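S.K.: Following this message is one structure expressed as structure tokens.
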Amino acid sequence: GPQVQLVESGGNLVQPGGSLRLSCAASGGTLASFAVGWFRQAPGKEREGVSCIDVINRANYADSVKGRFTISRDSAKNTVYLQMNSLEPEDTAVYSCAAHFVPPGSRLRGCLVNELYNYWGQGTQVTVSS
Amino acid sequence: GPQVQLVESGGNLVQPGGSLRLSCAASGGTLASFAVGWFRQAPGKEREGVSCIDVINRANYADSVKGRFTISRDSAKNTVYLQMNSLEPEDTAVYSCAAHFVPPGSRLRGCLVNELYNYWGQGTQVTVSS
Amino acid sequence: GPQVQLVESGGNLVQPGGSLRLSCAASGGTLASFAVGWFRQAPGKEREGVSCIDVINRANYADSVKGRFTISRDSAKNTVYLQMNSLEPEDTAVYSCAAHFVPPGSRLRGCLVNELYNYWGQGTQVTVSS
Amino acid sequence: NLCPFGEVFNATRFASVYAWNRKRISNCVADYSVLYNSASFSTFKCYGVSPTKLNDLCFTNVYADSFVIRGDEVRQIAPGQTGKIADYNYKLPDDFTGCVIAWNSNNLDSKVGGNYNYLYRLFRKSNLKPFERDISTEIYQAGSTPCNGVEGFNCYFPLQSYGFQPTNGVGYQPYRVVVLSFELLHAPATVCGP
Amino acid sequence: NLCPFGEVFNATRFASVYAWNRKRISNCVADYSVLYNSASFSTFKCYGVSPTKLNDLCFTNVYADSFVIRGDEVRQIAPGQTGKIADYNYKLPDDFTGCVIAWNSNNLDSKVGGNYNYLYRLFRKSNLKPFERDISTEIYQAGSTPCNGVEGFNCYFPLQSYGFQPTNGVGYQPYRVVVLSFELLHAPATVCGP
Amino acid sequence: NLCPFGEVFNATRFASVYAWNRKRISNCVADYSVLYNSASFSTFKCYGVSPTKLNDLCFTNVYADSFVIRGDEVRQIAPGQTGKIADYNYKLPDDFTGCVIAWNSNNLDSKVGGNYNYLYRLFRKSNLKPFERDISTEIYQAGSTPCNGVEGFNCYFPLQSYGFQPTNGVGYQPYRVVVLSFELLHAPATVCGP
């Protein structure tokens, strides 16, 4: 469409120790020009950053997820993936995707500035239970 | 695929107030030649139509979902989407997809008054719970 | 994608009597060169093969799913599907995909007697509950 | 060195008309006896050339275009014609030199539930030049409001399915068309025949 | 027999510069009166031809390459120029006979949220020959080790979005460009004019 | 003024044999004795021409066809050959004029887990004509019941993966092949020897 939109997919009810690969598909432009980050929001708590990727494909991870989650890019499908491993009940949350345009003059832009994410998906629900 | 076949995706376990985009992917022809309708079947209740779209892309909605659901067409992917917002536990049901061909002379087969569709999908399950 | 990789989809929370279709999208080669088998691991039970298919598209099923599941091939999308009908709670498991190559001369690797596969997906969870 | 006419006529799959197939025929012996023997042709019209002399003429190159359309549209596969097929899908030049061959393929391209795999272009901003080919799937602006790649009111997907069922009227049954195009150049001919 | 120049210039949407769209124009009488009536061309640059006498000239074929770039880059749509647009998207030949015409399209191609649908190629290992169109999206190799089609460090997607907001500076605003390439052969001219 | 064979031989990516790539060579001096200087060639066979006379011949066009096949399948890239590759993937004519060049590429196209990305066609209704290229994916009808695009018993996907592991035998290891076809027409020559 005329504006950039994001849609998440891949959420499901899984078991402790299970795996899941979320997807963040983009429209209205190429996702290769956008820094993409993943966010989760447990009910009754403020949303907290999970992982993010640069336009030069450098990854950053929150400490709670480092060692289990893997963010990666697939601009052929206009998509950023989030591979989650060893899921535990604390990982139950709505996982939202977010984007932010990085101009070609600021390509060395660090990925960690949360206050710059301008476009948001609606989030896909991940529920880890026995 | 010599015969038209519909496949639904996007069903998930979500929470009250969450959102979902269900997809109806068609195989064996252009879904742009078909009026597409979305139906839902809750446990114990009858099957109920919720939304449909003409071949000229006019949309209609059941009163129970008006203002919350949005049906839209993406023929480039041979797909019709159903964006579900502000989900409530009463929305817990199997959401199935249906279509019927519209010849070029009779460009009125489509409105929800034409609730007799010839092709159906197996339906995707949406569960809204805290 | 230099290495062969499998990704499953379609897992969801469903009701008894419902139906699901699981996908096994492969990458890094033609899945039509590979025997594909589906497996499921329910909590507390051992991993159980349910369905497989030769490179000449002969199918076989476990006696516990015969007549209810259908495996099929769509190599145009590098995908092998698994249609699951009449789901009961005993079907609740993590359904994972598995593949192994078949050289053109040895065009018999694939039958469920050949239940030693080389490549594996992460699995998708199917929960059957009222 | 026979010309591969069997590849064209006896192909298992035929193209949709908007994406009509084309095979160049050159440097071979065109034995049109195979078309004379068959009695299944519902249409056999040659333009600018006598249909009974094909085995006695030589051409620089021959082109064979093949696709599937309805019965009531085979008449649009002629020079000077109009309609959705001639204007938006497959267009013959006014000075066309060749033969238009067609036959009913209901037993092959119709299915009980309905075969919807054959497509045609329904909208186009302008008419096709002769032998032009448009395989784009851009959203067609039917009104004056721009579409921006979005389908809505007066923003339509340009392709459409035929809907071939065996019980249809003959005018709505599938017909397989082969258009032979004889290229006449000021050069030595490479396709002659016995 | 008019020329569909109201189809090239008055087109609702234009192509991305890396996939610049081209129109075949012949068999018509070209009128430059429409160009005189227009009063919004920021650039009006003609090379090797008369910007005045073109109403008297005749040509074999005319090509109208249309695309969208930003105002800072219209400088590069010129023979013997360099930059990201001329080297990797749309290269003009030095012996270019024709004119490049651009105008500000901020009222159409810019949205308050930012229009990112217009793309441009950012990376390429070689440079494009004049009038070459590269639509490939292979994973560009920017580092030592090959990529095998995997996106990662020093393995980047070659395309990029533009980002056209109305509040941008004049240099960073969308500019529709139409390059009329006047081709004349040793074949009598089919495009002429009154 | 020297033919850039390095773009063909020293390329980082090679096509599958079924979708074999073709690059044209023109407007340059082809020094084949310099091409033969790479002592890495396990196969350098010319047909229809004397290899020493190569630096003393001119041709209308030269085409460079490149792809990857198994080790023991290089014997099929020759005039008069039969087999899966010669019949269904790449076919040279009887009166071929050019050179077939090949070298073992086990270090590039093999991975320890197995590289299955290089493909080949396994079934086809008919053999390929010389230089014919088939990249279709029609379901091959091996039995007597039609497939209608659905894979099943006696209805097979036509393509197949190779499977290159560095510990294979030398006949199952990947080889890269370049064919330099020399074409003589009634047109001015564009490639000559020094």
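All of the numbers you see were taken from the coordinates with simple rules; none came from a lab. Cβ coordinates were reconstructed from backbone atoms using ideal geometry, including for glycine residues, and neighbour counts include every protein chain displayed.
S.K.: For chain D, modelled as a Gaussian network with Cα springs under 10 Å, which listed residue fluctuates most, D:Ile135, D:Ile77, D:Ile25?
M.R.: Comparing D:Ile135, D:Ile77, D:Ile25 in a Gaussian network model of chain D, the most mobile one is D:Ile135.
S.K.: If the label for D:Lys45 sits 7 angstrom from Cα along the Cα-to-Cβ line, what are its distances to the same label in every other copy, in nm to one decimal, shortest first?
M.R.: Copy-to-copy label distances for D:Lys45: 5.3, 5.4 nm.
S.K.: List the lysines whose Cα lies under 21 Å from the Cα of B:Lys77, skipping any in the same chain that are fewer than 8 positions away.
M.R.: Qualifying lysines at Cα under 21 Å: A:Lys77, C:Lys77.
S.K.: Considering only DSSP beta bridges with both partners in region E:11-99, what is the antiparallel share in %, to the nearest 5?
M.R.: Close to 90 percent.
S.K.: Rounded if a/c is under 1.5, else prolate if a/b is larger than b/c, else oblate: which is region D:114-165, with a ≥ b ≥ c the root eigenvalues of its Cα gyration tensor?
M.R.: Since a/c reaches 1.5 but b/c is at least a/b, the shape of region D:114-165 is classed as oblate.
S.K.: Additional query: List, shortest first and in nm to one decimal, how far the label point of F:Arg75 (7 Å from Cα along Cα→Cβ) is from its counterparts in the other copies.
M.R.: Counterpart label points of F:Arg75 in the remaining copies fall at 6.3, 6.4 nm.
S.K.: Turning to a different aspect of this structure: What fraction of the DSSP beta bridges in the protein assembly as shown is antiparallel, stated in percent and rounded to the nearest 5?
M.R.: Antiparallel bridges: around 95 percent, rounded to the nearest 5.
S.K.: Which one, B:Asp74, B:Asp54, B:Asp63, has the greatest fluctuation when you compute a Gaussian network model over chain B with C-alpha springs under 10 angstrom?
M.R.: B:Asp63
S.K.: Would you kindly enumerate the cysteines in chain B that have no other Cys beta-carbon under 4.7 Å from their beta-carbon?
M.R.: When partners are defined as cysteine Cβ atoms under 4.7 Å apart, chain B leaves B:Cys52, B:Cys111 without one.
S.K.: Here is a further query. Separation of region D:60-95 and region F:38-54 by C-alpha centroid, Å?
M.R.: After rounding, the separation between the Cα centres reads 49 Å.
S.K.: Between region C:23-77 and region D:111-129, what is the C-alpha centre distance in whole Å?
M.R.: That distance is 36 Å.
S.K.: Also, I was wondering about something else. About the Cα centre of region C:5-124, how large is the charge dipole given +1 on each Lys and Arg Cβ and -1 on each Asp and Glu Cβ? Please answer in debye to the nearest 20.
M.R.: Charge dipole of region C:5-124: 320 debye, to the nearest 20.
S.K.: What value, in deg cm²/dmol to 500, does the helix sum -39500 (n - 2.57) over DSSP H runs of n ≥ 4 give at 222 nm once divided by the residues of chain E?
M.R.: Computed mean residue ellipticity for chain E: -1500 deg cm²/dmol.
S.K.: What is the residue of chain B with the smallest Cβ distance to the axis taking B onto A, and what is that distance in whole Å?
M.R.: Closest Cβ to the B-to-A rotation axis, residue and whole-Å distance: B:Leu13, 3.
S.K.: Which distances, shortest first and in nm, link C:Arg58 to the matching position in the other copies, using label points set 7 Å out along Cα to C-beta?
M.R.: Copy-to-copy label distances for C:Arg58: 5.6, 5.6 nm.
S.K.: Separate question: May I have the extent of the alpha carbons of the protein assembly as shown along their three principal axes, as whole Å values ordered from largest to smallest?
M.R.: 79, 71, 65
S.K.: A further question on this structure: Tabulate in residue order the Karplus-calculated ³J(HN,Hα) for region E:27-41, using 6.51 cos²θ - 1.76 cosθ + 1.60 with θ = phi - 60°, rounded to whole Hz; enter x for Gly and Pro.
M.R.: Karplus-based 3J(HN,Hα) across region E:27-41 equals 6, 6, 10, 7, 10, 8, 5, 5, 5, 5, 5, 5, 9, 8, 7 Hz.
S.K.: Right, something else. When N counts the residues of region D:1-89, how does its alpha-carbon radius of gyration compare numerically with 2.2 N^0.38 Å, as a ratio?
M.R.: Against the compact-globule rule of thumb, the ratio is 1.15.
S.K.: Does region A:5-128 come out rounded, prolate or oblate by the C-alpha gyration tensor, with a ≥ b ≥ c the root eigenvalues, rounded set by a/c under 1.5 and, if not, prolate when a/b is larger than b/c and oblate if not?
M.R.: In terms of gyration-tensor shape, prolate.
S.K.: Right, something else. Over region D:114-165, calculate the relative contact order: mean separation of alpha carbon pairs under 8 Å at least 6 apart, over the residue count, as a percent.
M.R.: Dividing the mean separation by the residue count of region D:114-165 yields 54 percent.
S.K.: Can you bin region F:107-194 into rounded, prolate or oblate? Criterion: square roots of the alpha carbon gyration tensor eigenvalues sorted a ≥ b ≥ c, rounded for a/c under 1.5, prolate for a/b above b/c, oblate for the rest.
M.R.: Taking the square roots of the gyration eigenvalues as a ≥ b ≥ c, region F:107-194 is oblate.
S.K.: Sticking with this structure for a sec: Could you name the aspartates and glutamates in cross-link range of D:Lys23, using Cα to Cα under 12 Å and dropping any fewer than eight places away on the same chain?
M.R.: D:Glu7, D:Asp65, F:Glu132
S.K.: Compute the whole-percent fraction of alpha carbon pairs in chain D spaced more than 21 Å apart.
M.R.: 54
S.K.: Please compute the contact order of chain A in relative form: average sequence separation of alpha-carbon pairs under 8 Å and at least six residues apart, divided by the residue count, as a percent.
M.R.: So the answer I get is 35 percent.
S.K.: Specify, for chain E, the residue whose C-beta is closest to the rotation axis mapping it onto chain F, with the distance given in whole Å.
M.R.: For chain E, the closest residue to the axis carrying it onto F is E:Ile135, 10.
S.K.: Take every Cα pair under 8 Å in chain E that's 6+ residues apart, average their separations, divide by the length, and report that relative contact order as a whole percent.
M.R.: The normalised contact order for chain E reaches 34 percent.
S.K.: Further question: For a quick check: with amide H placed at 1.01 Å from N, whose amide H comes under 5 Å from F:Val178's, ignoring anything fewer than 5 positions away on the same chain?
M.R.: Excluding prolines and chain starts, which carry no amide H, the hits are F:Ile101, F:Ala102.
S.K.: Would you look at the GNM of chain E, springs on alpha carbons closer than 10 Å, and say which of E:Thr12, E:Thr43, E:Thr167 moves the most?
M.R.: E:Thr12
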